[PDB]
Amino acid sequence: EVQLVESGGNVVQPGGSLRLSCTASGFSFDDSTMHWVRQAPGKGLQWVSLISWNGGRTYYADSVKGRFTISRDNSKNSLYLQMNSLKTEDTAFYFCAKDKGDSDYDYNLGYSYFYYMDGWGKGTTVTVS
Amino acid sequence: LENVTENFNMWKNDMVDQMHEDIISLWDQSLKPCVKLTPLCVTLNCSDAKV
Ligand SMILES: *[C@@H]1O[C@H](CO)[C@@H](O)[C@H](O)[C@H]1NC(C)=O
Ligand SMILES: *[C@@H]1O[C@H](CO)[C@@H](O)[C@H](O)[C@H]1NC(C)=O
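Chains as they are written, first to last, in the authors' numbering: chain H, 1 to 52, 52A, 53 to 82, 82A to 82C, 83 to 100, 100A to 100M, 101 to 112; chain G, 86 to 136.
Next up, the structure:
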């Protein structure tokens, strides 16, 4: 049993910035990778960003690679995803979801990391302009 | 030799059999130390070549 909580969403304007705080507990972040997706009304899921324990494997989706950055720390076990240069078609409920972080190792091929969300947070809110 | 006769069947000759054996071993020995290209073959995404 794990819980994820997010806060900091409010009215936003295009070209502005917003600070989003997403704390969680019940699972250590030392060996956990956090995801980010958004759920616009009437539409399917969309991938936003990915992050590893320290760095690398922080790949971003094609349409949201402009100036979006995600950072993590171990001191207080929380995550951030600051919104920047908000467009007029990127308004939706952003969701942060835990990942199991399973892997595999073959001497010839090397480390292979699999990705699939396990736990999900309550959800945030966005409103352009 | 001056005046002597002998017969032999080359198909039963073992000089050729030994030559095949050691030549095969020689090639294997030369390839022992240097790298093996096992990791290379993965899912390759190939369409065509510009040239
Ligand atoms: C390296 O490990 C320390 C351990 O406390 C952690 O605080 C730090 O964030 C790690 N490095 C990075 C780049 O996060
Ligand atoms: C063999 O040949 C030699 C010459 O090369 C000859 O002198 C001798 O008589 C021959 N022997 C036989 C058995 O034919």
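C-beta: ideal position from N, C-alpha, C; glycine also.
Handout entry: Which listed residue (H:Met34, H:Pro41, H:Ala40) has its alpha carbon closest to that of H:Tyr59
Key = Within the first sequence, numbered from 1, the residue matching residue 59 of chain H stands at position 60. When each option's Cα is compared against that of H:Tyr59, the closest is H:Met34.
Practice task
Hey, could you find the ends of the beta strand (DSSP E) H:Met34 is sitting in?
Solution key: Here residue 34 of chain H refers to the residue found at position 34 when the first sequence is read from its first residue. Note, H:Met34: beta strand (DSSP E), 34-39.
Practice task
Tell me, please, which residues DSSP counts as bridged to H:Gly100F.
Solution key: The count along the first sequence starts at 1 and reaches residue 100F of chain H at position 110. BP columns for H:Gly100F point to H:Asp100B.
Exercise for the section: Under the assumption that H:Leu20 contacts H:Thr107 (Cβ atoms under 8 Å), give the Cβ distance between them as a whole number of angstroms. Expected result: In the first sequence, counting from the first residue as 1, residue 20 of chain H sits at position 20. In the first sequence, counting from the first residue as 1, residue 107 of chain H sits at position 124. Indeed they touch by this definition, with Cβ atoms about 6 Å apart.
Problem - Backbone CA spacing between H:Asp98 and H:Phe100J [nearest angstrom] - result: Taking the first residue of the first sequence as 1, we reach residue 98 of chain H at position 102. Taking the first residue of the first sequence as 1, we reach residue 100J of chain H at position 114. Distance between the alpha carbons of H:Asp98 and H:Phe100J: 6 Å.
Problem - Partners in chain G for H:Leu100E, counting only beta-carbon separations shorter than 8 Å - result: Translated into positions along the first sequence, residue 100E of chain H becomes position 109. Simply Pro124, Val127.
Practice task
Report the rounded CA-to-CA distance for H:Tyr79 versus H:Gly55, giving the unit in angstroms.
Solution key: In the first sequence, the residue the question calls residue 79 of chain H occupies position 80. In the first sequence, the residue the question calls residue 55 of chain H occupies position 56. Answer to the nearest angstrom: the Cα atoms are 17 Å apart.
Practice task
Report the three-state DSSP secondary structure of H:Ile51 (helix, strand or coil).
Solution key: For the purposes of this step, residue 51 of chain H is taken as residue 51 along the first sequence, with counting starting at 1. DSSP places H:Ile51 in coil when its eight states are reduced to three.
Exercise for the section: Please list, following the chain, all residues that have a C-beta closer than 6 Å to any non-hydrogen atom of ligand 1. Expected result: H:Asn53, H:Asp72, H:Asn73, H:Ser74
Exercise for the section: Tell me where the beta strand (DSSP E) around H:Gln3 begins and ends. Expected result: Locating residue 3 of chain H in the first sequence gives position 3, where the first residue counts as 1. Its beta strand (DSSP E) spans residues 3-7.
Practice task
Please list, following the chain, all residues that have a C-beta closer than 6 Å to any non-hydrogen atom of ligand 2.
Solution key: G:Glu87, G:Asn88
Practice task
Give the DSSP-derived three-state secondary structure of H:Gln81 in the structure shown.
Solution key: Residue 81 of chain H sits at position 82 when you count from the first residue of the first sequence. DSSP places H:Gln81 in coil when its eight states are reduced to three.
Practice task
Assuming H:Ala93 and H:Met100M form a contact by the criterion Cβ under 8 Å, report the distance between their Cβ atoms to the nearest whole angstrom.
Solution key: Position 97 of the first sequence holds residue 93 of chain H. Position 117 of the first sequence holds residue 100M of chain H. Right, the Cβ-Cβ distance comes to about 4 Å (below 8 Å), so this counts as a contact.
Exercise for the section: State yes or no: is the C-beta of H:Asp95 within less than 7 Å of the C-beta of H:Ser100H? Expected result: As a position in the first sequence, residue 95 of chain H is number 99, starting the count at 1. As a position in the first sequence, residue 100H of chain H is number 112, starting the count at 1. No; because the gap between Cβ atoms is not below 7 Å, this pair is not in contact.
Exercise for the section: Could you please give the first and the last residue of the uninterrupted alpha helix (DSSP H) stretch that includes G:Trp112? Expected result: On the second sequence, position 27 is the one that residue 112 of chain G refers to. G:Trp112 -> alpha helix (DSSP H) spans 100-115.
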